[PDB]
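Heads up, the Cβs are rebuilt from the backbone with ideal geometry, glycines too, and the neighbour counts pull from every protein chain shown. What follows draws every value from the coordinates through simple rules; no lab data is involved.
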Amino acid sequence: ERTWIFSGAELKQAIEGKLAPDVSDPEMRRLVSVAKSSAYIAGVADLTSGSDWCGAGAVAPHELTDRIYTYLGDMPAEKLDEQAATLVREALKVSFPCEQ
Amino acid sequence: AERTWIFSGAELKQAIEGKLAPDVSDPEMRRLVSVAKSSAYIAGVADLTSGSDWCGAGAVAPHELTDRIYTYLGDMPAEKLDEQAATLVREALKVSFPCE
């Protein structure tokens, strides 16, 4: 019943530099791994900007990764097995809420 | 600047083509990092919208998503490709793999 490309656990591993399994090079596993996490987060952040979270023009990419990493660190194993993107949306919404 | 998005459509199209990692000097590594970014950006959008904007995640291979998105971005004029990539990914997925 898993159909998602990244789980929360895998996105957390990507941020930590651990999600380039098909890369044999060392000390360039890290570059590919964090490129995946940054780009996955960017997909969710770009799509949801101005709807689920606000202030895209005043937030640096590194700040998005930091908030998401903190949030994923808060999640128990059952939530981290679910799709990563919903967790990114939740992190952005609590971090950078839109005025209701 | 009016632009707040991390990837434009033009940048996602360049990433799929292996040309969005300018601070990576080894050519093969530039290509690997670039396509890692495109795959992960698309995955963020695809995972978030699965079962709502597009359907079939269990049966469609990741490479098929990239192929449909690349075709779709190739359909867009330059002004539209300057907009956020994620909404273009959602549009590509919705026309390619519609729900109900």
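Testing residue A:92 on (1) within 12 Å of another protein chain (Cβ to nearest Cβ); (2) surrounded by fewer than 16 Cβ atoms within 10 Å (Cβ to Cβ), one condition comes back false. Which one is that?
So the condition that residue A:92 fails would be (2).
Looking at the range A:20-40 only, could you name the residues that are at the interface with another protein chain (Cβ under 7 Å from one of its Cβ atoms) and assigned to a helix (DSSP H, G or I)?
A:31, A:32, A:35, A:36, A:39, A:40
Can you spot a residue in the range B:11-23 that is in contact (Cβ under 8 Å) with a residue 60 or more places away in the chain and of a type outside the set (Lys, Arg)?
yes
Which of the residues spanning the range A:24-51 are touching a residue at least 40 places away in the same chain (Cβ under 8 Å) and surrounded by fewer than 16 Cβ atoms within 10 Å (Cβ to Cβ)? Before the answer, list the steps.
So the first thing to find is which residues in the range A:24-51 are touching a residue at least 40 places away in the same chain (Cβ under 8 Å), and the list is A:40-41, A:43-45, A:48, A:50-51.
Listed by number, the residues that qualify are A:50, A:51.
Mind checking which residues of the range B:1-10 are of a type in the set (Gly, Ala, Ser) and touching a residue at least 12 places away in the same chain (Cβ under 8 Å)? Walk me through it before giving the result.
First, pick out the residues of the range B:1-10 that are of a type in the set (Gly, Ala, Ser): B:1, B:8-10.
Listed by number, the residues that qualify are B:8, B:9, B:10.
Can you tell me which residue is surrounded by the fewest Cβ atoms within 10 Å (Cβ to Cβ) among those in the range A:52-84 that are within 11 Å of chain B (Cβ to nearest Cβ) and in a loop (DSSP other than H, G, I, E, B)?
Ranking the candidates gives A:60 first.
Checking the condition among the small types (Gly, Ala, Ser) and within 14 Å of residue B:40 (Cα to Cα), which residue from A:51, A:95, A:7, A:24 passes? Let's see the steps before the verdict.
Working: A:51 fails: within 14 Å of residue B:40 (Cα to Cα); A:95 fails: within 14 Å of residue B:40 (Cα to Cα); A:24 fails: within 14 Å of residue B:40 (Cα to Cα).
Residue meeting the stated conditions: A:7.
Looking only at the range A:22-66, which residues are closer than 20 Å to residue A:5 by Cβ and among the polar types (S, T, N, Q)?
Once the filter is applied, which keeps residues that are closer than 20 Å to residue A:5 by Cβ and among the polar types (S, T, N, Q), the range A:22-66 yields A:33, A:37, A:38, A:48, A:65.
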